[PDB]
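First comes one chain, alone, set out as structure tokens in the form deposited in one PDB entry.
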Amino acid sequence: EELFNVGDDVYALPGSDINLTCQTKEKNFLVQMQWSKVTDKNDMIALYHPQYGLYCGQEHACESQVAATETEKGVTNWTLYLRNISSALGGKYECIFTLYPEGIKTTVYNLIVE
């Protein structure tokens, strides 16, 4: 359902530094969350589980690329640090919360690099 549009376009010139931040739905239990780069396959960047903690996708030092933070009304922020953006970092980024009782909630960012 997300491969129709849904997401937000994000333009950048090479060299740019950009933070993407995603936010949990109110009044849900946070079950797990993750960041992915979406091509033909969904390639996970980092995953956070509220008990097991951080887990990275393939060789990463991803603890320097993501951060989770709680705020006021149980809402959680989930952010991805993009640094020194090349055309290779361009593409579709997907933040996927799995919540209870509402299930999956996803936010798509299209990073466009000139």
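Each residue number is its position in the shown sequence, starting from 1. Between two forms, the rigid core is defined as the largest C-alpha subset superposing within 1.5 Å.
- Set 43-51 against 79-87 and average the Cα temperature factors; 79-87 ends up higher.
- Stretches 57-65 and 23-31 differ in mean CA B factor, with 57-65 having the higher one.
- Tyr11 sits in the highest third of its chain by CA B factor, as recorded in the PDB entry.
There is another form of this protein, the form deposited in another entry, and it is not shown here; the text below is about that form.
- Relative to the superposed core, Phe29 undergoes a C-alpha shift of no less than 2 Å between this form and the one not shown.
- Once the rigid core is overlaid between this form and the one not shown, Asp9 does not reach a Cα shift of 2 Å, moving by less than that.
- The pair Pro101 and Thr71 is looser in the other form: their Cα-Cα distance rises by no less than 3 Å compared with this form.
- Relative to the shown form, the Cα atoms of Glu26 and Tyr55 move together by 3 Å or more in the other form.
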